[PDB]
$ cat input-v4.txt   # compact mmCIF, C-alpha atoms and all ligand atoms
# COMPACT_ATOMS: atom_id res chain seq x y z
CA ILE A 1 12.50 10.62 -10.15
CA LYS A 2 15.32 9.86 -7.72
CA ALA A 3 14.18 10.03 -4.10
CA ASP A 4 15.20 8.69 -0.71
CA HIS A 5 11.52 8.70 0.32
CA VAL A 6 8.14 9.55 -1.24
CA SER A 7 5.40 11.37 0.70
CA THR A 8 2.12 11.22 -1.23
CA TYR A 9 -1.23 12.71 -0.31
CA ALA A 10 -3.80 10.68 -2.23
CA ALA A 11 -7.56 10.98 -2.59
CA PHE A 12 -10.41 9.98 -4.88
CA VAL A 13 -14.15 10.42 -5.40
CA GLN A 14 -16.63 8.36 -7.39
CA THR A 15 -20.31 7.68 -8.02
CA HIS A 16 -20.71 4.55 -5.88
CA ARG A 17 -19.46 3.73 -2.38
CA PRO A 18 -16.87 4.52 -1.18
CA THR A 19 -17.93 7.92 -2.51
CA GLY A 20 -14.74 9.57 -1.23
CA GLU A 21 -11.46 8.93 0.53
CA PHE A 22 -8.51 11.11 1.57
CA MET A 23 -5.22 9.91 3.04
CA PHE A 24 -1.47 10.47 3.19
CA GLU A 25 1.05 7.68 2.59
CA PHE A 26 4.78 7.56 3.41
CA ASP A 27 6.76 5.13 1.24
CA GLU A 28 3.48 3.48 0.14
CA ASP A 29 2.26 2.76 3.69
CA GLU A 30 -0.85 4.63 4.83
CA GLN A 31 0.01 7.00 7.68
CA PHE A 32 -3.39 8.63 8.22
CA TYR A 33 -6.73 9.25 6.53
CA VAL A 34 -9.66 11.60 7.14
CA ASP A 35 -12.93 9.95 8.14
CA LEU A 36 -15.29 11.94 5.91
CA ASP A 37 -18.40 10.87 7.84
CA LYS A 38 -17.14 11.47 11.39
CA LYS A 39 -15.13 14.51 10.16
CA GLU A 40 -11.95 13.38 11.89
CA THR A 41 -8.34 12.38 11.31
CA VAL A 42 -7.50 8.71 11.97
CA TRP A 43 -3.86 7.81 12.60
CA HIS A 44 -2.78 4.29 11.68
CA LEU A 45 -0.46 3.76 14.66
CA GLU A 46 -0.35 5.27 18.13
CA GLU A 47 3.27 6.23 17.34
CA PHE A 48 1.79 8.75 14.88
CA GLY A 49 -1.14 10.20 16.83
CA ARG A 50 1.08 10.72 19.84
CA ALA A 51 3.25 13.16 17.90
CA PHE A 52 1.52 15.28 15.26
CA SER A 53 -1.98 16.20 14.09
CA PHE A 54 -3.85 17.15 10.92
CA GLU A 55 -6.62 19.62 10.12
CA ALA A 56 -9.57 17.41 9.16
CA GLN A 57 -10.82 20.42 7.18
CA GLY A 58 -7.91 19.99 4.76
CA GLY A 59 -9.33 16.63 3.71
CA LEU A 60 -13.02 17.50 3.60
CA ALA A 61 -12.15 20.58 1.53
CA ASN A 62 -10.04 18.62 -0.95
CA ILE A 63 -12.93 16.15 -1.26
CA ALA A 64 -15.35 18.94 -2.20
CA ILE A 65 -12.76 20.14 -4.72
CA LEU A 66 -12.39 16.59 -6.06
CA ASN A 67 -16.19 16.41 -6.33
CA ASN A 68 -16.42 19.72 -8.20
CA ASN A 69 -13.92 18.56 -10.84
CA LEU A 70 -15.52 15.10 -10.88
CA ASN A 71 -18.33 16.81 -12.70
CA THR A 72 -17.18 19.33 -15.33
CA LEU A 73 -15.11 16.26 -16.30
CA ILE A 74 -18.06 13.88 -16.52
CA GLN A 75 -19.48 16.44 -18.94
CA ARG A 76 -16.16 17.30 -20.61
CA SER A 77 -15.54 13.63 -21.44
CA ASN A 78 -19.02 13.02 -22.93
CA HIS A 79 -19.67 10.78 -19.90
CA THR A 80 -16.69 8.45 -20.19
CA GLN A 81 -16.71 5.37 -17.96
CA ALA A 82 -13.45 3.50 -17.44
CA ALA A 83 -12.80 -0.18 -18.08
CA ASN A 84 -13.22 -2.56 -15.15
CA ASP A 85 -9.68 -3.73 -14.42
CA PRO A 86 -10.09 -7.06 -12.60
CA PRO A 87 -8.35 -7.80 -9.29
CA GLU A 88 -5.55 -10.18 -8.38
CA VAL A 89 -5.96 -11.80 -4.96
CA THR A 90 -3.39 -13.40 -2.64
CA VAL A 91 -3.94 -15.02 0.76
CA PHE A 92 -0.99 -15.55 3.11
CA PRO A 93 -0.40 -15.66 6.88
CA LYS A 94 1.19 -12.87 8.89
CA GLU A 95 3.41 -15.12 11.04
CA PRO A 96 4.77 -18.64 10.46
CA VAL A 97 2.00 -21.21 10.83
CA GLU A 98 2.37 -22.76 14.29
CA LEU A 99 -0.63 -24.90 15.18
CA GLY A 100 -2.09 -23.30 18.30
CA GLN A 101 -0.42 -19.89 18.26
CA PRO A 102 -2.97 -17.26 17.14
CA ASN A 103 -2.25 -15.78 13.72
CA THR A 104 -3.57 -13.19 11.27
CA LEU A 105 -4.66 -14.16 7.75
CA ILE A 106 -4.01 -11.46 5.14
CA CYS A 107 -6.07 -11.19 1.94
CA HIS A 108 -4.37 -8.88 -0.57
CA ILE A 109 -6.59 -7.64 -3.41
CA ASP A 110 -4.37 -5.90 -5.97
CA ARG A 111 -4.38 -4.17 -9.36
CA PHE A 112 -8.09 -3.39 -9.60
CA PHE A 113 -10.31 -0.48 -10.69
CA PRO A 114 -12.78 1.10 -9.92
CA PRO A 115 -12.51 1.18 -6.09
CA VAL A 116 -15.74 -0.78 -5.60
CA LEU A 117 -15.41 -4.18 -4.03
CA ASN A 118 -16.98 -6.79 -1.76
CA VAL A 119 -14.80 -9.08 0.37
CA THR A 120 -15.94 -11.99 2.55
CA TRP A 121 -13.85 -14.17 4.86
CA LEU A 122 -15.08 -17.77 4.59
CA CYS A 123 -14.11 -20.41 7.16
CA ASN A 124 -15.25 -23.88 6.05
CA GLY A 125 -17.77 -22.37 3.64
CA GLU A 126 -19.31 -20.19 6.35
CA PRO A 127 -18.45 -16.47 6.47
CA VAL A 128 -16.62 -14.90 9.40
CA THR A 129 -17.79 -11.62 10.93
CA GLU A 130 -16.02 -11.62 14.31
CA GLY A 131 -12.32 -10.85 14.49
CA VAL A 132 -11.91 -9.22 11.08
CA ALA A 133 -10.57 -5.87 9.88
CA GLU A 134 -9.48 -4.26 6.64
CA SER A 135 -7.34 -1.49 5.18
CA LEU A 136 -8.50 1.33 2.92
CA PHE A 137 -8.74 1.35 -0.86
CA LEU A 138 -5.05 2.13 -1.27
CA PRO A 139 -4.05 3.95 -4.48
CA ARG A 140 -1.17 2.74 -6.62
CA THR A 141 1.22 4.79 -8.73
CA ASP A 142 -0.51 3.46 -11.87
CA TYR A 143 -3.81 4.81 -10.46
CA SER A 144 -5.46 1.45 -9.82
CA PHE A 145 -6.04 0.23 -6.26
CA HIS A 146 -5.16 -2.46 -3.75
CA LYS A 147 -6.80 -3.44 -0.47
CA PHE A 148 -5.85 -5.50 2.58
CA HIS A 149 -8.19 -7.75 4.55
CA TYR A 150 -7.35 -9.31 7.90
CA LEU A 151 -8.80 -12.18 9.94
CA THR A 152 -7.40 -13.35 13.27
CA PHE A 153 -7.47 -17.12 13.62
CA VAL A 154 -5.97 -20.05 15.53
CA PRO A 155 -4.39 -22.56 13.09
CA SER A 156 -6.40 -25.78 13.07
CA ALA A 157 -5.71 -28.87 10.98
CA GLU A 158 -9.52 -29.14 10.75
CA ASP A 159 -10.05 -25.64 9.32
CA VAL A 160 -10.07 -24.18 5.81
CA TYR A 161 -10.28 -20.54 4.72
CA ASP A 162 -11.32 -18.60 1.62
CA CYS A 163 -11.28 -14.92 0.69
CA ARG A 164 -14.26 -14.25 -1.60
CA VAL A 165 -14.00 -11.12 -3.76
CA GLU A 166 -16.62 -9.43 -5.93
CA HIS A 167 -15.67 -6.93 -8.63
CA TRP A 168 -17.40 -5.64 -11.75
CA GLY A 169 -14.41 -6.81 -13.80
CA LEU A 170 -14.97 -10.42 -12.77
CA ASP A 171 -17.64 -12.67 -14.26
CA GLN A 172 -18.24 -14.49 -10.95
CA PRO A 173 -17.05 -14.10 -7.36
CA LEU A 174 -13.35 -14.89 -7.07
CA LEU A 175 -12.46 -17.43 -4.38
CA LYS A 176 -8.85 -17.52 -3.15
CA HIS A 177 -7.93 -20.43 -0.90
CA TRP A 178 -5.56 -20.99 2.02
CA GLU A 179 -5.04 -24.12 4.09
CA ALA A 180 -2.85 -25.18 7.00
CA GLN A 181 0.29 -27.34 6.65
CA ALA B 2 -23.52 -4.84 -17.47
CA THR B 3 -21.68 -2.64 -14.98
CA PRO B 4 -23.49 0.16 -13.09
CA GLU B 5 -22.75 3.79 -13.88
CA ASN B 6 -19.57 5.04 -12.20
CA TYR B 7 -17.25 8.01 -12.79
CA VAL B 8 -14.07 8.34 -10.73
CA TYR B 9 -11.93 11.42 -10.04
CA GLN B 10 -8.53 11.02 -8.35
CA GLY B 11 -5.91 13.36 -6.92
CA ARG B 12 -2.27 12.89 -5.89
CA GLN B 13 0.03 15.34 -4.08
CA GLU B 14 3.54 13.84 -4.14
CA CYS B 15 6.70 15.03 -2.36
CA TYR B 16 10.02 13.56 -3.54
CA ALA B 17 12.80 13.91 -0.96
CA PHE B 18 16.32 13.25 -2.26
CA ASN B 19 19.58 14.66 -0.88
CA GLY B 20 18.34 17.88 0.70
CA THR B 21 15.76 18.61 -2.01
CA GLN B 22 11.96 18.44 -2.21
CA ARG B 23 10.34 18.01 -5.63
CA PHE B 24 6.59 18.66 -5.51
CA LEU B 25 4.53 16.62 -7.95
CA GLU B 26 0.77 17.13 -8.31
CA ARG B 27 -1.50 14.95 -10.45
CA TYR B 28 -5.11 15.43 -11.57
CA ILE B 29 -6.67 12.16 -12.67
CA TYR B 30 -9.97 11.30 -14.36
CA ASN B 31 -10.65 7.55 -14.11
CA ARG B 32 -7.15 6.09 -14.55
CA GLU B 33 -5.89 8.90 -16.82
CA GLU B 34 -3.72 11.71 -15.46
CA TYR B 35 -4.47 14.83 -17.51
CA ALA B 36 -3.16 17.84 -15.55
CA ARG B 37 0.02 18.04 -13.51
CA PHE B 38 2.19 20.47 -11.56
CA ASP B 39 5.92 19.74 -11.59
CA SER B 40 8.09 21.85 -9.29
CA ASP B 41 11.02 21.47 -11.71
CA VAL B 42 8.75 22.99 -14.38
CA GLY B 43 7.26 25.92 -12.45
CA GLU B 44 3.78 25.79 -14.00
CA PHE B 45 0.90 23.44 -14.67
CA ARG B 46 1.16 21.40 -17.87
CA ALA B 47 -1.64 19.38 -19.42
CA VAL B 48 -0.59 15.77 -19.87
CA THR B 49 -3.55 15.08 -22.18
CA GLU B 50 -6.04 17.19 -24.11
CA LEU B 51 -8.48 16.80 -21.20
CA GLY B 52 -6.44 19.24 -19.11
CA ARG B 53 -6.00 22.15 -21.50
CA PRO B 54 -8.96 24.16 -20.10
CA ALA B 55 -7.30 23.90 -16.67
CA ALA B 56 -3.57 24.19 -17.41
CA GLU B 57 -3.97 27.47 -19.30
CA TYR B 58 -6.55 28.94 -16.91
CA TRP B 59 -4.77 27.80 -13.75
CA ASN B 60 -1.58 29.24 -15.22
CA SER B 61 -1.55 33.02 -15.76
CA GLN B 62 -3.33 33.28 -12.39
CA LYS B 63 -0.53 34.42 -10.11
CA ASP B 64 -2.17 33.75 -6.74
CA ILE B 65 -2.44 30.02 -7.49
CA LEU B 66 0.93 29.64 -9.21
CA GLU B 67 2.93 31.32 -6.44
CA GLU B 68 1.29 29.18 -3.74
CA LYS B 69 2.15 26.05 -5.73
CA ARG B 70 5.80 27.02 -6.24
CA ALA B 71 6.36 27.46 -2.48
CA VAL B 72 4.89 24.02 -1.71
CA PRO B 73 8.27 22.17 -1.75
CA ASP B 74 9.47 24.25 1.23
CA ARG B 75 6.05 24.89 2.82
CA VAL B 76 4.55 21.40 3.25
CA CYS B 77 7.01 18.99 1.61
CA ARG B 78 10.15 19.95 3.53
CA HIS B 79 7.96 20.75 6.54
CA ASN B 80 6.26 17.34 6.59
CA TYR B 81 9.58 15.62 5.87
CA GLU B 82 11.13 17.09 9.02
CA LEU B 83 8.11 15.86 10.98
CA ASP B 84 8.56 12.42 9.40
CA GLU B 85 12.25 12.29 10.31
CA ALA B 86 11.37 12.70 13.99
CA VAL B 87 8.87 9.82 14.09
CA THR B 88 8.33 7.82 10.90
CA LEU B 89 11.97 7.28 9.90
CA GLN B 90 13.00 6.34 13.46
CA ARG B 91 10.50 3.46 13.55
CA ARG B 92 12.55 0.25 13.74
CA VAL B 93 10.72 -3.06 14.23
CA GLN B 94 12.97 -6.08 14.60
CA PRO B 95 12.71 -9.07 12.23
CA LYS B 96 11.55 -12.35 13.75
CA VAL B 97 13.10 -15.39 12.06
CA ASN B 98 11.73 -18.93 11.86
CA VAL B 99 13.28 -21.78 9.85
CA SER B 100 11.53 -24.98 8.78
CA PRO B 101 11.36 -27.44 5.89
CA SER B 102 8.49 -27.04 3.45
CA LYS B 103 7.38 -30.67 3.85
CA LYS B 104 8.37 -33.39 6.31
CA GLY B 105 9.69 -36.76 5.20
CA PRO B 106 12.87 -38.63 4.29
CA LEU B 107 16.41 -37.44 4.88
CA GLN B 108 18.27 -37.93 1.59
CA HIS B 109 15.25 -36.72 -0.42
CA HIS B 110 15.34 -33.23 -1.90
CA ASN B 111 13.50 -30.55 0.07
CA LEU B 112 13.21 -26.78 0.48
CA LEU B 113 14.39 -25.03 3.64
CA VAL B 114 12.33 -21.86 4.11
CA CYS B 115 13.67 -18.96 6.18
CA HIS B 116 10.54 -16.98 7.10
CA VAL B 117 11.35 -13.42 8.21
CA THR B 118 8.34 -11.48 9.51
CA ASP B 119 7.31 -8.17 11.07
CA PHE B 120 10.21 -5.86 10.32
CA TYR B 121 10.53 -2.22 9.29
CA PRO B 122 11.87 -0.68 7.15
CA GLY B 123 11.77 -3.12 4.23
CA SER B 124 15.45 -3.10 3.23
CA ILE B 125 16.61 -6.48 4.55
CA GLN B 126 19.38 -8.95 3.67
CA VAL B 127 18.87 -12.71 4.00
CA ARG B 128 21.67 -15.22 3.38
CA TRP B 129 21.95 -19.00 3.59
CA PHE B 130 24.85 -21.08 4.92
CA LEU B 131 25.46 -24.84 4.81
CA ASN B 132 28.21 -26.09 7.15
CA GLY B 133 29.70 -22.59 7.33
CA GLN B 134 29.68 -21.94 3.56
CA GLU B 135 27.36 -19.44 1.90
CA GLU B 136 24.97 -21.22 -0.45
CA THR B 137 25.01 -18.84 -3.42
CA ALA B 138 22.82 -21.04 -5.64
CA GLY B 139 19.45 -22.69 -5.22
CA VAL B 140 17.98 -19.72 -3.33
CA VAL B 141 14.34 -18.91 -4.14
CA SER B 142 13.07 -15.64 -2.65
CA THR B 143 9.48 -14.42 -2.56
CA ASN B 144 10.72 -10.84 -2.64
CA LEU B 145 9.51 -8.37 0.04
CA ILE B 146 5.84 -8.82 0.98
CA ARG B 147 4.17 -5.68 2.32
CA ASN B 148 1.56 -6.49 4.97
CA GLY B 149 -0.37 -3.22 4.87
CA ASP B 150 0.29 -2.59 8.58
CA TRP B 151 3.71 -0.89 8.49
CA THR B 152 5.47 -4.27 8.69
CA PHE B 153 7.20 -6.24 5.94
CA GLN B 154 7.66 -9.98 5.40
CA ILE B 155 9.89 -12.13 3.19
CA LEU B 156 10.43 -15.84 2.58
CA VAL B 157 13.84 -17.06 1.39
CA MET B 158 14.03 -20.73 0.44
CA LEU B 159 17.11 -22.90 -0.13
CA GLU B 160 17.18 -25.88 -2.49
CA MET B 161 18.63 -28.54 -0.21
CA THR B 162 19.27 -32.27 0.00
CA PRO B 163 19.96 -32.79 3.70
CA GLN B 164 22.52 -35.28 4.98
CA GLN B 165 22.79 -36.49 8.56
CA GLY B 166 24.88 -34.04 10.56
CA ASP B 167 24.48 -31.20 8.06
CA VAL B 168 24.02 -27.80 9.71
CA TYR B 169 22.06 -25.03 7.97
CA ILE B 170 22.12 -21.41 9.17
CA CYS B 171 20.00 -18.47 8.03
CA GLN B 172 21.58 -15.03 8.44
CA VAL B 173 19.55 -11.81 8.54
CA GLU B 174 20.98 -8.28 8.23
CA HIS B 175 18.55 -5.46 9.02
CA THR B 176 19.01 -1.83 10.04
CA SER B 177 17.21 -2.55 13.33
CA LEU B 178 19.93 -5.07 14.28
CA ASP B 179 23.37 -4.31 15.70
CA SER B 180 24.87 -7.52 14.27
CA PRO B 181 23.65 -10.32 11.97
CA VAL B 182 20.97 -12.57 13.47
CA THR B 183 21.25 -16.32 12.90
CA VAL B 184 18.78 -19.20 13.19
CA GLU B 185 19.93 -22.81 12.89
CA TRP B 186 18.49 -26.11 11.68
CA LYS B 187 20.12 -29.54 11.82
CA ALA B 188 19.19 -32.49 9.63
CA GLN B 189 18.33 -35.46 11.82
CA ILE C 1 -14.46 25.74 -13.94
CA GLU C 2 -11.94 23.51 -12.13
CA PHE C 3 -10.62 24.17 -8.63
CA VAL C 4 -6.99 23.65 -7.67
CA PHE C 5 -6.02 21.33 -4.83
CA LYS C 6 -5.38 22.68 -1.34
CA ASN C 7 -2.02 21.90 0.28
CA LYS C 8 -1.95 21.41 4.05
CA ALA C 9 0.63 19.73 6.27
CA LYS C 10 0.95 17.83 9.52
CA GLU C 11 1.64 19.99 12.56
CA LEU C 12 3.09 19.11 15.95
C1 LIG D 201 -21.49 -6.21 -3.71
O1 LIG D 201 -22.68 -6.90 -3.31
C2 LIG D 201 -23.90 -6.23 -3.66
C3 LIG D 201 -25.03 -7.06 -3.09
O2 LIG D 201 -24.53 -8.21 -2.41
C4 LIG D 201 -23.99 -6.08 -5.18
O3 LIG D 201 -25.16 -5.34 -5.51
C5 LIG D 201 -25.90 -6.02 -6.54
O4 LIG D 201 -25.39 -5.69 -7.84
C6 LIG D 201 -26.07 -6.34 -8.92
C7 LIG D 201 -25.35 -5.94 -10.19
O5 LIG D 201 -24.21 -5.14 -9.92
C8 LIG D 201 -27.54 -5.96 -8.92
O6 LIG D 201 -28.22 -6.67 -9.95
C9 LIG D 201 -28.17 -6.28 -7.57
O7 LIG D 201 -29.51 -5.81 -7.53
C10 LIG D 201 -27.37 -5.62 -6.45
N1 LIG D 201 -27.93 -5.97 -5.15
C11 LIG D 201 -27.83 -5.19 -4.07
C12 LIG D 201 -28.46 -5.71 -2.82
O8 LIG D 201 -27.24 -4.11 -4.10
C13 LIG D 201 -22.75 -5.35 -5.70
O9 LIG D 201 -22.77 -5.32 -7.12
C14 LIG D 201 -21.48 -6.05 -5.23
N2 LIG D 201 -20.30 -5.32 -5.66
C15 LIG D 201 -19.52 -5.73 -6.67
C16 LIG D 201 -18.35 -4.85 -6.98
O10 LIG D 201 -19.74 -6.76 -7.29
$ encode --input "input-v4.txt" --output "structure tokens"
Amino acid sequence: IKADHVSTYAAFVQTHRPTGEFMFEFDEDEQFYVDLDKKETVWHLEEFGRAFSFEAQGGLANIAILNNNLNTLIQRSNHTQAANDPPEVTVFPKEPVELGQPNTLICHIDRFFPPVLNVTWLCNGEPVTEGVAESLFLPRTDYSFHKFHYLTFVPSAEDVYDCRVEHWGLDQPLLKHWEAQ
Amino acid sequence: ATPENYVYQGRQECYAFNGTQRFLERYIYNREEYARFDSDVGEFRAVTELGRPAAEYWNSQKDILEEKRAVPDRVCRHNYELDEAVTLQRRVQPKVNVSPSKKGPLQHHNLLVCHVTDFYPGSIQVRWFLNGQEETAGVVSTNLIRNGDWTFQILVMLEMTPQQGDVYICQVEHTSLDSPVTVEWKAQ
Amino acid sequence: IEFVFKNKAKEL
């Protein structure tokens, strides 16, 4: 389909966690989602929340719909479980690597299914809990997923980072490596 | 031995081209889309056998079908106008750094990397120049890297063999820029 | 049997 821009509401439900997710993307970038626990709309940038708003009921309702047809399809398919498509992982920095200038390390988990996943930021073998954030389970047009993981860090020639990923389609945890210089 | 898991997905897609709005709607069990509304079709159509109980029942119910036909001008065109006021007008300027991949000798072959970061939208043009002439060969581009935070990133490398006094220039053409932006690097 | 999706929109 020819289009100058694509505006896609996208949502999913499943047996394990995350049990549900509802969001709207503009040209494949997530604009806002609906926190299903806090029953709220969360805008990705202040540019967005300063302008328009969204009925958080419109997401919670579509999730209950998605859940109703989750079953009636579990039964209709004779309980069909899908194949575990394994993830591809890339680790790259947000800005050019200047030793000293704080940076953000991006871990991109791509082309995986189902949307169940563990991710751990390892610095020198040890995991990092402070100064980390992550995107949502972002749907693709081929109905798999991709996720973004972020860690703020100060480039050191004495430091070494890994993004450890767990998925049911992998035999072992996948370690993706990044190093300064 | 994977735990038990069944996944149901939904996609409501608006395609904006020219002045039009084509509403796509997709019903998806696991990774298989079975039922779909296409605005160019006017009714639900099962993509697989899984969606025959829905497509026929959802069709022939006028209250649902009429609501779905008006979607292109009720939320698609409506949201698109709201996006043109804010989302389309977002212009973040590309920051450009230039450096060799590795440091060492002069007459040895090396790669000059033009690292363009934190721009939006993603349509960007990067060009390489050696002593005023466009290098049209030996250019290795890691095409557009989406960062997941409404900013793009791209690395464009030039296959070089630097001589003393050679001047390399990276040019960047982006919609957020009034004129081309240049960053320089001399071999020394 | 199966419920149709609800269509909402952003509002200023
Ligand atoms: C994420 O990690 C948890 C625990 O660290 C994993 O849960 C384990 O899963 C295995 C098999 O899937 C079970 O034998 C264990 O008993 C579970 N332990 C706990 C504490 O839950 C989970 O599988 C991981 N996720 C993925 C996708 O691998």
$ interface_residues --input "input-v4.txt" --of "chain C" --to "chain B" --cutoff "7 Å" --atoms "all atoms listed in the file" --output "list in words"
residues 2, 8, 9 and 10 of chain C
$ residues_around --input "input-v4.txt" --residues "range 94-103 of chain B" --least-positions-apart "5" --cutoff "8 Å" --atoms "all atoms listed in the file" --output "list in words"
residues 96 of chain A; 111, 112, 113, 114, 115, 116, 117, 118, 119, 120, 121, 171, 175, 177, 178, 184, 185 and 186 of chain B
$ write_last_selection --input "input-v4.txt" --atoms "C-alpha atoms" --output "PDB file, in the frame of the given file"
ATOM      1  CA  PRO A  96       4.770 -18.640  10.460  1.00  0.00           C
TER       2      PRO A  96
ATOM      3  CA  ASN B 111      13.500 -30.550   0.070  1.00  0.00           C
ATOM      4  CA  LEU B 112      13.210 -26.780   0.480  1.00  0.00           C
ATOM      5  CA  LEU B 113      14.390 -25.030   3.640  1.00  0.00           C
ATOM      6  CA  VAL B 114      12.330 -21.860   4.110  1.00  0.00           C
ATOM      7  CA  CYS B 115      13.670 -18.960   6.180  1.00  0.00           C
ATOM      8  CA  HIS B 116      10.540 -16.980   7.100  1.00  0.00           C
ATOM      9  CA  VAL B 117      11.350 -13.420   8.210  1.00  0.00           C
ATOM     10  CA  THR B 118       8.340 -11.480   9.510  1.00  0.00           C
ATOM     11  CA  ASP B 119       7.310  -8.170  11.070  1.00  0.00           C
ATOM     12  CA  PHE B 120      10.210  -5.860  10.320  1.00  0.00           C
ATOM     13  CA  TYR B 121      10.530  -2.220   9.290  1.00  0.00           C
ATOM     14  CA  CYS B 171      20.000 -18.470   8.030  1.00  0.00           C
ATOM     15  CA  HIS B 175      18.550  -5.460   9.020  1.00  0.00           C
ATOM     16  CA  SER B 177      17.210  -2.550  13.330  1.00  0.00           C
ATOM     17  CA  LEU B 178      19.930  -5.070  14.280  1.00  0.00           C
ATOM     18  CA  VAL B 184      18.780 -19.200  13.190  1.00  0.00           C
ATOM     19  CA  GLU B 185      19.930 -22.810  12.890  1.00  0.00           C
ATOM     20  CA  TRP B 186      18.490 -26.110  11.680  1.00  0.00           C
TER      21      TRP B 186
END
$ residues_near_ligand --input "input-v4.txt" --ligand "ligand LIG 201 (chain D)" --cutoff "10 Å" --atoms "only C-alpha atoms and all ligand atoms" --output "number ranges by chain"
A: 16-17, 84, 113-119, 165-173; B: 2-5
$ residues_around --input "input-v4.txt" --residues "residue 6 in chain C" --least-positions-apart "5" --cutoff "9 Å" --atoms "all atoms listed in the file" --output "count of residues only"
5
$ atom_distance --input "input-v4.txt" --atom1 "CA of residue 55 in chain A" --atom2 "CA of residue 145 in chain A"
25.4 Å
$ closest_residue --input "input-v4.txt" --among "A:19, A:72, A:129, A:41" --to "chain C" --atoms "all atoms listed in the file"
A:72
$ atom_distance --input "input-v4.txt" --atom1 "CA of residue 61 in chain B" --atom2 "CA of residue 35 in chain B"
18.5 Å
$ atom_distance --input "input-v4.txt" --atom1 "CA of residue 104 in chain A" --atom2 "CA of residue 143 in chain B"
19.1 Å
$ closest_residue --input "input-v4.txt" --among "A:107, A:60, A:133, A:175" --to "chain C" --atoms "only C-alpha atoms"
A:60
$ closest_residue --input "input-v4.txt" --among "A:150, A:123, A:28, A:68" --to "chain C" --atoms "all atoms listed in the file"
A:68
$ build_atoms --input "input-v4.txt" --residues "range 35-46 of chain B" --atoms "N, CA, C and O atoms" --output "mmCIF file, in the frame of the given file"
data_model
loop_
_atom_site.group_PDB
_atom_site.id
_atom_site.type_symbol
_atom_site.label_atom_id
_atom_site.label_comp_id
_atom_site.auth_asym_id
_atom_site.auth_seq_id
_atom_site.Cartn_x
_atom_site.Cartn_y
_atom_site.Cartn_z
ATOM 1 N N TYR B 35 -4.361 13.837 -16.445
ATOM 2 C CA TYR B 35 -4.470 14.830 -17.510
ATOM 3 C C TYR B 35 -3.787 16.150 -17.197
ATOM 4 O O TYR B 35 -3.213 16.763 -18.099
ATOM 5 N N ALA B 36 -3.824 16.610 -15.951
ATOM 6 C CA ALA B 36 -3.160 17.840 -15.550
ATOM 7 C C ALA B 36 -2.154 17.548 -14.452
ATOM 8 O O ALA B 36 -2.350 16.639 -13.639
ATOM 9 N N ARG B 37 -1.073 18.324 -14.427
ATOM 10 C CA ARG B 37 0.020 18.040 -13.510
ATOM 11 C C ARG B 37 0.818 19.307 -13.224
ATOM 12 O O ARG B 37 1.105 20.084 -14.139
ATOM 13 N N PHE B 38 1.170 19.503 -11.954
ATOM 14 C CA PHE B 38 2.190 20.470 -11.560
ATOM 15 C C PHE B 38 3.487 19.720 -11.307
ATOM 16 O O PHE B 38 3.496 18.693 -10.618
ATOM 17 N N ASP B 39 4.576 20.225 -11.881
ATOM 18 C CA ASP B 39 5.920 19.740 -11.590
ATOM 19 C C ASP B 39 6.736 20.918 -11.075
ATOM 20 O O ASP B 39 6.816 21.960 -11.736
ATOM 21 N N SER B 40 7.329 20.754 -9.888
ATOM 22 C CA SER B 40 8.090 21.850 -9.290
ATOM 23 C C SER B 40 9.322 22.191 -10.119
ATOM 24 O O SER B 40 9.741 23.354 -10.148
ATOM 25 N N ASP B 41 9.906 21.204 -10.800
ATOM 26 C CA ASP B 41 11.020 21.470 -11.710
ATOM 27 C C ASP B 41 10.577 22.203 -12.966
ATOM 28 O O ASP B 41 11.437 22.674 -13.718
ATOM 29 N N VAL B 42 9.275 22.315 -13.207
ATOM 30 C CA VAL B 42 8.750 22.990 -14.380
ATOM 31 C C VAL B 42 8.300 24.413 -14.055
ATOM 32 O O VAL B 42 8.520 25.335 -14.841
ATOM 33 N N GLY B 43 7.682 24.607 -12.891
ATOM 34 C CA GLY B 43 7.260 25.920 -12.450
ATOM 35 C C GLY B 43 5.859 26.320 -12.837
ATOM 36 O O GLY B 43 5.424 27.421 -12.474
ATOM 37 N N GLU B 44 5.132 25.468 -13.555
ATOM 38 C CA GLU B 44 3.780 25.790 -14.000
ATOM 39 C C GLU B 44 3.044 24.500 -14.300
ATOM 40 O O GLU B 44 3.657 23.458 -14.547
ATOM 41 N N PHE B 45 1.715 24.579 -14.275
ATOM 42 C CA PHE B 45 0.900 23.440 -14.670
ATOM 43 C C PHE B 45 1.113 23.135 -16.150
ATOM 44 O O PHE B 45 1.302 24.035 -16.973
ATOM 45 N N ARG B 46 1.084 21.848 -16.483
ATOM 46 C CA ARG B 46 1.160 21.400 -17.870
ATOM 47 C C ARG B 46 0.153 20.288 -18.073
ATOM 48 O O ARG B 46 0.132 19.320 -17.306
#
